[PDB]
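Cβ placement follows ideal geometry from the backbone for every residue including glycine, while neighbour counts extend to all protein chains displayed. The numbers here are math on the coordinates, done by the rules we state, and not lab data.
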């Protein structure tokens, strides 16, 4: 569920960091800028992998800081379509089962992709599932969040920006399915 | 080989002293042992006289080809 | 307040009943009084509706449809080879076509 | 910034585990300066990503484990993305390889599925 | 007409606030940092070409 | 013609692909360009330019000429791309006038663009095998007998032919073969003795080579104009008068131009003989019919003759003007209401009018008359005149005459119809794109039901697709299917307005 993404970038190296070798400073400044942020079309950048080509360090007029163009690769949480993950449950909602995946928070399960013998709550928060012989209608998705196993079937990019005149929705929403046989909580199979 | 002139022109001298004095005005490491000089342009000129400025001049010929000259290997003059 | 243009040259010799000051802009889709006339159906008009859908499903399989190639695909799947259909290639009459058409 | 390749290579979670482990080895010798919130973001995402990976079955693995795993798994007519999930999740029963492999009941015979379970449990 | 006007000339470089090409703008400066171009790459363990002969015939 | 370029982009992208619609849109948009600048101004590879130009010139979508210094400058026909939309009406009218064999002939022609006679009769004999069963194979001869009946009726014609290079400049080959259209051998079919049977698709040297056939779309347009005037008379006067008008157009079929201000005159003595024998009519009642249709102020017919007794012509341009005027008033009636259509017909017939005159004639009060006048001015249906007193042209010192000009309003209505069909195609493609995931999942489950359906289809798997989660969204699949069906049906039925407008704008032009 992790990929390499070859990216190019201009890294402004400030001039108090000239005593230090440039490769360590490029890595430090790129980790200070890409970590824990969602790039619009590739996903969530975890950390830098390596620097693969490091061009010449220009000095622009009006600033003493040396800019350089860096060819690098970065690990990115971007799970491809139809992929199985395991993660904790944060909480239940009328819109569905909000699934945390450790670091990443917005994995939503719609009601249309829950397991079919029960799809509805009795005006209670926690979502339920009914089997006839044991645990009829009292099985539940606990808010303490035992680990479930789901299957991502949709991902969506919104370009979260201040719309309107200037100078909170998630930019990386991920929608999965659980309805296949064998999925759900790990306690059920 | 490099075909351009080996003398540092007055424009190259002006901008190398400018960019170096701007970097010394921020917290860059000074390459020469300064002696209580405060104005960073004087420190840049003392670096230029002793040939220690870490700048490479890239001279662009107008077709697109370029030439890299170190500041320590130009022939500076008055 | 007074205007640059004289209101009297526009009208309003009484000076009253000025057009009202609009608070909210009008909505994007105004409600229309009228609706479309319902469609024509029949045993002849329905055959065109099926033939037009047959034209799309046929001409996408004909060799004249130049396929666009797949690009930057993420993973290869076993459900991918169900999608891919090889198709025989037509040959142009080179006598009717000019010389620069030859590859 | 500009992306030359959105999908360049798929990664096992062991490579990311080893990467965050080597990143932990040289970090925290000089603390954060409160000059930008970039170090806060790096510390939180590195910590929490490593904490999530440290409960996956990709701990206790090695390079040569993955080498012999792909070596033994090479002869089974599977894709890249299926071998990736089989390496990451360590399946132990047959109900979930039906999930992780597409058209499991049509490509893979039940004896081949059992041999696949044995191949997975024999290496990891 | 839609006639596109360059900002290569001196006077419009003064107007648009960009440094002009005559004088001390004809060249470009480079910093001589202690750098290492083309550094060694971290090895890929999982995705190499030798372990992933494709599935389709 | 920005609406035309958008609609041609949508139709080429639907019926040929992407890297061919780029070339088609560029050739429509800029015009006559040689081959290297189609490559450079688009940015694609040269081989794709070659394949795109060959698949366009196959369907007779681009033409090409020879110029100075030996260059080949291509040129696309915007009208021929726009007539790709009427293909189901063409296939329905050939099924109307003929058999299913004549349907499949025109189908193979409009799909392949150019085929030989042997190839098209082979493909028709192949494709009629699925329609039959129990050992009976289709043969080539009865297909060829319908093909020559089409060729006699001029629905199908021959492509412009290559010149004989042994007679035309023997030596080096020119860059382009310089095709020329021969008026002689358009409808001379090549004779065929080769007969055979169609394969049933079991999965287990040409005499007419170079002679290619294309569908003659102008004959279809003439037939459609005939049906339009026939239904106009059938809605105005009577069925018998309509059959007489149909017989006059049938006798005017093979003897006049498709673009002529007045057709051949007809003697009533052969109007009487040409009627189908189901009608109990005399000569004198036919004379009454013709002289009472000449009494019509709509004037579909004219006298234009006295010798031989009853001499009668049928009108073309006045009839198309009547039909375009009916379309232009129908759209006003349905858009604004009946009380505005009254005002439109009033400003139509009295050629010039003022506001007080409208309020007097129309029995429509103030603040409802001028409202509808100004709504029709804001939609380019109704022009002002402004006869000036002084040359200052001031509004305070002049008279404003309302005027309906049929030509500019018909061009405006055509421009609206093109953008209307473009918007319907946009909405269809948007719904298919937003539901393509459920569409492909339905494709999967119908492929599951499709495989081993004839052999060993247990009833349990029929429930297992219903047990599958596609069953909550079968409601959404039915909604998508009825939406796509309604949008395709409206995309078909706007063409009836498009043709009636395009015939009028075509016939009011001289091309000198």
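Over all Cα pairs of the range A:34-104, how is the pair count split among 10 Å bins, expressed in % and running from 0 up to the last occupied bin?
15, 29, 29, 13, 11, 3
Diagonalise the Cα gyration tensor of the range F:2-80 and give the resulting equivalent ellipsoid semi-axes, square root of 5 times each eigenvalue, largest first, whole Å.
19, 14, 11
For the range D:1-108, what's the relative contact order in percent, using C-alpha pairs closer than 8 Å and at least 6 residues apart?
Values: 43 pairs, mean separation 32.9, N = 108.
Relative contact order, the range D:1-108: 30 percent.
Using helices alone, I'd like the mean residue ellipticity at 222 nm for chain A: each DSSP H run of four-plus residues gives -39500 (n - 2.57), total over residue count, nearest 500.
Numbers: 1 runs with 13 residues, N = 189.
Rounded to the nearest 500, the figure is -2000 deg cm²/dmol.
Does anyone have the angle between helix D:63-73 and the longest principal axis of chain D? Alpha-carbon axes, 0 to 90°, nearest 10?
It is inclined by approximately 30 degrees.
Any number yet on Rg/Rh for the range F:298-366, C-alpha, Kirkwood?
So for the range F:298-366, dividing Rg by the Kirkwood Rh gives 1.19.
How large is the direction-averaged shadow of the alpha-carbon convex hull of chain F, in nm²?
38.3 nm²
Specify the angular offset, from 0 to 90 degrees and rounded to the nearest 10, of the alpha carbon long axis of helix B:10-25 from the longest principal axis of the alpha carbons in chain B.
Helix B:10-25 and the main axis of chain B meet at about 40 degrees.
For a Förster distance of 51 Å, can you work out the FRET efficiency between the beta-carbons of residue C:74 and residue F:496, rounded to the nearest 0.05? Can you show the working numbers first?
Details: r = 46 Å, r/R0 = 0.91.
After rounding to 0.05, the efficiency reads 0.65.
Can you give me the distance in nm between label points at residue F:193 and residue F:356, each placed 7 Å from the Cα along the Cα-to-Cβ direction?
With each label placed 7 Å out from Cα toward Cβ, I get 8.9 nm.
Taking every eigenvalue of the Cα gyration tensor of the range A:80-189, multiplying by 5 and rooting it, what semi-axes result, largest first, whole Å?
Numbers: eigenvalues 163, 49, 29 Å².
Semi-axes from the Cα gyration tensor: 29, 16, 12 Å.
What number, in nm² with one decimal, is the all-direction average of the projected area of the convex hull of the alpha-carbon atoms of the range F:203-359?
Mean projected area of the Cα convex hull: 18.6 nm².
Go ahead and estimate [θ] at 222 nm for chain F from helices alone: -39,500 (n - 2.57) per DSSP H run with n ≥ 4, summed, over the residue count, rounded to 500.
-17500 deg cm²/dmol
Could you work out, residue by residue across A:4-17, how many beta carbons of other chains sit within 10 Å of that residue's beta carbon, and then give the average as an integer?
Numbers: counts 10, 7, 8, 7, 4, 3, 2, 1, 0, 2, 4, 10, 5, 4.
Per-residue shielding by partner chains comes out at 5.
Between residue C:91 and residue D:114, what is the label-to-label distance in nm when each label sits 7 Å out along the Cα-to-Cβ direction?
Taking the two extended label points, one gets 5.5 nm.
Give me F:91, F:448 ranked fewest to most by other Cβ atoms within 10 Å of their Cβ, as a rough exposure proxy.
F:448, F:91
Rg (Å, one decimal) plus Dmax (Å, integer) for the alpha carbons of chain D?
18.5, 61
Nearest 10 degrees, 0 to 90: what angle lies between the long axis of helix C:45-59 and the longest principal axis of chain C (Cα atoms)?
That works out to roughly 60 degrees.
Over the Cα atoms of chain C, how large are the radius of gyration and the largest Cα-Cα distance (Dmax), in Å?
Final numbers for Rg and Dmax: 31.6, 83 Å.
Average partner chain C-beta neighbours within 10 Å, per residue of D:52-62? The partial results should precede the final answer.
Working: counts 8, 3, 1, 4, 2, 1, 0, 0, 0, 0, 1.
Rounded to a whole number, the mean comes out at 2.
Would you mind ranking C:4, F:263 by Cβ crowding within 10 Å, fewest neighbours first? Write out the running numbers ahead of the final one.
Working: C:4 4, F:263 19.
The order, fewest Cβ neighbours first, is C:4, F:263.
Find the centroid of the Cα atoms in the range A:81-128 and in the range D:19-33, then give the distance between the two in whole Å.
Using only Cα atoms, the two centres lie 35 Å from each other.
How far apart, in nanometres, would the label points at residue A:120 and residue C:58 be if each is projected 7 angstrom from Cα along the Cα-to-Cβ direction?
4.8 nm
Based on the mean of other Cβ atoms within 10 Å per residue, sort peptides F:109-119, F:481-491 so the most packed one is first. Provide the component values of the computation, followed by the final result.
Values: F:109-119: 19.8, F:481-491: 16.2.
Those peptides, ordered most packed to least, come out F:109-119, F:481-491.
Please compute the alpha carbon radius of gyration of the protein assembly as shown, then divide it by the globular-protein estimate 2.2 N^0.38 Å. Two decimals is fine.
Numbers: Rg = 39.4 Å, N = 1063, 2.2 N^0.38 = 31.1 Å.
So the protein assembly as shown has a normalised radius of gyration of 1.27.
For residue F:259 and residue D:48, what is the calculated FRET efficiency with R₀ set at 51 Å and r taken between the beta-carbons, to the nearest 0.05?
On the way: r = 77 Å, r/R0 = 1.52.
Approximately 0.10, to the nearest 0.05.
Using 1/(1 + (r/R0)^6) with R0 = 41 angstrom and r between the beta carbons of residue B:68 and residue D:75, what's the FRET efficiency to the nearest 0.05?
In this case the efficiency is close to 0.15.
If the label point is 7 Å along Cα→Cβ of residue F:75, which residues in the range F:1-37 have backbone nitrogen under 14 Å from it?
In the range F:1-37, the label zone of residue F:75 (backbone N under 14 Å from the point 7 Å along Cα→Cβ) covers F:27-34.
When ranked by the protection proxy of mean other Cβ atoms within 10 Å per residue, highest first, what sequence do the peptides D:59-72, C:19-32, F:409-422, F:4-17 form?
F:4-17, F:409-422, D:59-72, C:19-32
For chain B, place one equal point scatterer on every Cα, skip the solvent, and apply the Debye formula. What is log10 of I(q)/I(0) at q = 0.12, 0.13, 0.26 Å⁻¹?
Rounded to two decimals, the profile gives -0.36, -0.42, -1.27.
Once you keep just the Cα pairs under 8 angstrom separated by 6 or more residues, what percentage relative contact order results for the range A:1-79?
Working: 150 pairs, mean separation 36.4, N = 79.
46 percent.
When DSSP assigns beta bridges and you keep just the ones with both residues in the protein assembly as shown, what percent turn out antiparallel, to the nearest 5?
Roughly 95 percent of the DSSP beta bridges within the protein assembly as shown come out antiparallel.
Just the projected area, averaged over all directions, of the convex hull on the alpha carbon atoms of the range F:273-321: how many nm²?
Mean shadow area of the hull around the Cα atoms is 4.2 nm².
Is it possible to state the helix-based mean residue ellipticity at 222 nm for chain C, with each DSSP H run of 4+ residues giving -39500 (n - 2.57), the sum divided by total residues, to the nearest 500 deg cm²/dmol? What is it?
-5500 deg cm²/dmol
I need the peptides F:339-349, F:370-380, A:64-74 ranked by packing, meaning the mean over residues of other C-beta atoms within 10 angstrom, with the highest value on top.
Highest mean packing first, the order is A:64-74, F:339-349, F:370-380.
Could you give me D for the range A:1-79, from Stokes-Einstein at 25 °C and 0.890 mPa s, where the hydrodynamic radius is the Kirkwood radius over C-alpha pairs? Units µm² s⁻¹, please.
Translational diffusion coefficient: 186 µm²/s.
Gap in Å between the Cα centre of the range A:50-69 and the Cα centre of the range F:268-324?
With the range F:268-324 and the range A:50-69 each reduced to a Cα centre, they are spaced 89 Å.
Express in whole angstrom the spacing between the alpha-carbon centres of the range D:35-101 and the range F:188-260.
Answer, in whole Å: 68.
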